[PDB]
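Comments concern the structure below.
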């Protein structure tokens, strides 16, 4: 058990909900958070697991969202998050088993990335922009604009941290025509971490 | 305290100077350097804190430079740098208090990234090119080409290492029309580190 | 000596072959792999060391390939790879001396990035896409599309892992006219790692 890593395990089963209103997993979310000094080194990827997700790319303009809300101990609050199974430590290629006593040290810092406090506050320092890709059936690479939001809005009283990801597909013509497994290539990023 | 992290602290006060021939801080520079094996994982963000900086983006072609000069012990030499206060180790969300006995290990390898020795010498292995973004008032994302110069040019007799950053804006038209806090989205990078 | 880092050493001597069917190192390959929790933080750069490699960019369309095959203990399989000299632990700015008794812990996870089990199998999760740059003589920058293939294709019985890199240039017109040193700017990446 390596406690310097908070993740979904390598190659996880459907554990994430991307469809609006849905409650049951419709895709596989791979997320790796690693404590690296004052930073967290992150790794994230999405793999479709339903006709809905695997059809999304028959359109030329799509936006996928995965929202993550954590309590005061860095535990995922499922009813508020797209991810339906809590993260855990590294135990080889899987998620360690048992209760985690605080993963606070893995959360985005509230000093560096604050929560909105007043009506018109923009807080643009709470955003990370980047890019990853989708490889279509014929082999073409479609660029996906990625936006990461750290602690900008709280959604309920027991919520202490937030981490949102969104992938944006805005191309000339749809990538696919058939139902093809939705795969976002590895997105890398880092952020100032909260103290333990 | 965590000595594998050399940083400006999370959310620092104005501490950097971007305007020509100035002495007083006109912007907030966040720089995190973490020791990770033979590498340094870096994070850097800029937040303007003056009328001159928060107005730079009323133009479409802007280049911002933040130059860092260090002594033989990896300490900042303020009169040679844009950053006007030495970096220090991590102590929760702050810069540690106390004297630093060498931070040489956080510096750019001179073996990998050499200093210029002759006149027409280019040493292109000293550059790291990447990209980050500025989000305007109306929500549009402007790309900023980031250049990182490792060592290469030496300025004074006491200077042992250098690290220069430059954000380059080259848009169709001016992102802004008003004075808006300049904000560069997190840029990530890595480099071969100097031995301890 | 630091065994949490596996590399070619900083600024190494010609150690890589980019030419078809060749066996004599015609370029310098800088590759650093650091164990960072469940991930491996990577850094990679190339430098021409022959007329062949330093002439390539006299064309507008070029693709450089660096293939890496490893055995069940993370050791390079030279007859199968482009890197003709094994990697080793960190010893200051050099490769440690001696025999690495297993570098499996630095290998691409077979669970996260599986090998093909049949004919028409795609395994698109085995790719990482990104970008680095080339600074020409006139100072202009040319974007190079980078593609990393993790495992996926097995080539011989003694193979257990793969890590191929490919730089792709596709610009209006050739970056050069003269034989100039080939230098790709640092490409950063992470991947889920194989258990020790």
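Protein chains in written order, with UniProt numbering: chain A, 158 to 353; chain B, 158 to 353; chain C, 158 to 353. Beta carbons are placed, not taken as given, at the ideal position from N, Cα and C, and that holds for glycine.
Please name the residue or residues paired with residue i in a DSSP beta bridge.
i                      : result
residue 189 of chain B : B:164 and B:200
residue 209 of chain A : For residue 209 of chain A, which the question treats as bridged, DSSP gives no partner whatsoever.
residue 245 of chain C : C:164
residue 347 of chain B : B:198
residue 340 of chain C : C:204
residue 226 of chain C : C:319
residue 221 of chain B : B:324
residue 177 of chain B : According to DSSP, which records beta bridges pairwise, residue 177 of chain B is partnered with nothing at all.
Answer with yes or no whether the minimum CB distance from residue i to chain B is below 8 Å.
i                      : result
residue 167 of chain C : yes
residue 340 of chain C : yes
residue 327 of chain A : no
residue 159 of chain C : yes
residue 261 of chain C : no
residue 295 of chain C : no
residue 324 of chain C : no
residue 352 of chain A : yes
residue 223 of chain C : no
residue 178 of chain A : no
residue 193 of chain A : yes
residue 349 of chain A : yes
residue 290 of chain C : yes
Taking only beta-carbon positions, decide if residue i is within less than 8 Å of chain A.
i                      : result
residue 198 of chain B : yes
residue 151 of chain C : The shown model of chain C, from 158 to 353, leaves out residue 151 of chain C, and the question about it has no answer.
residue 247 of chain B : yes
residue 346 of chain C : yes
residue 162 of chain B : yes
residue 229 of chain C : no
residue 305 of chain B : no
residue 321 of chain C : no
In three-state DSSP terms, what is residue i?
i                      : result
residue 235 of chain A : helix
Pull up the CB-CB distance for residue i and residue j, whole angstroms please, since I reckon it's below 8 Å.
i                      : j                      : result
residue 250 of chain A : residue 230 of chain C : So it is not a contact: roughly 18 Å between Cβ atoms.
residue 259 of chain A : residue 175 of chain A : With 8 Å as the limit, residue 259 of chain A and residue 175 of chain A do not qualify as a contact, their Cβ atoms being about 28 Å apart.
residue 190 of chain C : residue 172 of chain C : 15 Å between Cβ atoms; not a contact.
residue 246 of chain A : residue 158 of chain A : 5 Å
residue 217 of chain B : residue 330 of chain B : 5 Å
residue 193 of chain B : residue 160 of chain C : Not quite, the Cβ-Cβ distance comes to about 14 Å (not below 8 Å), so this is no contact.
residue 170 of chain B : residue 184 of chain B : Residue 170 of chain B to residue 184 of chain B, Cβ: 11 Å. No contact.
residue 227 of chain A : residue 348 of chain A : About 14 Å separates the two Cβ atoms, so there is no contact after all.
residue 291 of chain A : residue 301 of chain A : 6 Å
residue 307 of chain B : residue 203 of chain B : Not really, about 19 Å apart at Cβ, beyond 8 Å.
residue 283 of chain B : residue 275 of chain B : No, residue 283 of chain B and residue 275 of chain B are not in contact; Cβ-Cβ is about 15 Å, not under 8 Å.
residue 273 of chain C : residue 310 of chain C : 6 Å
residue 336 of chain B : residue 212 of chain B : 5 Å
residue 164 of chain C : residue 244 of chain C : 6 Å
Should residue i be flagged as near chain C, meaning a C-beta pair shorter than 8 Å?
i                      : result
residue 298 of chain A : yes
residue 284 of chain B : yes
residue 204 of chain A : yes
residue 318 of chain A : no
residue 308 of chain B : no
residue 343 of chain A : yes
residue 250 of chain A : yes
residue 302 of chain A : no
residue 217 of chain B : no
residue 174 of chain A : no
residue 281 of chain B : yes
residue 241 of chain A : no
Do residue i and the ligand NAP come close, with the Cβ less than 7 Å from some heavy atom?
i                      : result
residue 232 of chain A : With respect to the ligand NAP, the structure shown offers nothing to examine, as it has no ligands at all.
Runs of alpha helix (DSSP H) lying entirely within the segment 248-336 of chain C, each at least 4 residues, in chain order:
none
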